[PDB]
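First the structure, in the form of structure tokens, and then the observations on it.
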Amino acid sequence: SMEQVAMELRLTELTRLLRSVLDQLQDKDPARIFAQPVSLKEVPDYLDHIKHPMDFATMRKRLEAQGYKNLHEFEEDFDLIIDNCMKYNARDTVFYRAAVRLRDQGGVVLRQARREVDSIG
Ligand code: NA
């Protein structure tokens, strides 16, 4: 149908916008602490601590299969990255501090994206 194609043109454009948002968020992690999943070879107890791991590369695979239906879903995955890190690592670590910074710098980009998704559809 023609409705199905229009729905898909919108999913496609949401995906173009989220790819831009992803790049902006990742630029706020110059250290690359959140680029890849936590290694189970290197932290074999990790899944005892964190039930839903997340990282930028996993978000990117989902993004490119157009698996984000809306911005809420995307934001949930971004928050897992931050929130997982702040639980696993103690306050006085480079990892915890890197998450705090990504959250704060993330908040601006996400504030504007919610306006662009509301505005443009
Ligand atoms: Na903790």
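Virtual Cβ from ideal backbone geometry, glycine too; neighbours counted across all protein chains shown. Values in this text are rule-based calculations from the coordinates and carry no lab data.
Remarks
- In the set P30, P37, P53, only one residue is outside any helix (DSSP H, G or I), on the phi < 0 side of the Ramachandran plot, surrounded by fewer than 12 Cβ atoms within 10 Å (Cβ to Cβ) and within 16 Å of the chain's Cα centre (by Cα); that residue is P30.
- Filter result for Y96 (within 16 Å of the ligand (Cβ to nearest atom), surrounded by 12 or more Cβ atoms within 10 Å (Cβ to Cβ), more than 25 Å from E8 (Cα to Cα) and touching a residue at least 24 places away in the same chain (Cβ under 8 Å)): no
- Test: residue in the range 65-83 that is part of a helix (DSSP H, G or I), farther than 26 Å from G121 by Cα and out of contact with any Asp or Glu (no Cβ under 7 Å at 6 or more places or on another chain): yes
- When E75 is tested against the conditions (1) under 17 Å from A35 (Cβ atoms); (2) away from the ligand (no atom under 11 Å from the Cβ); (3) not small (G, A, S), the lone failure is (1).
- Residue selection: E116 satisfies the criterion of being more than 16 Å from the ligand (Cβ to nearest atom), surrounded by fewer than 16 Cβ atoms within 10 Å (Cβ to Cβ), touching a residue at least 60 places away in the same chain (Cβ under 8 Å) and under 20 Å from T12 (Cβ atoms).
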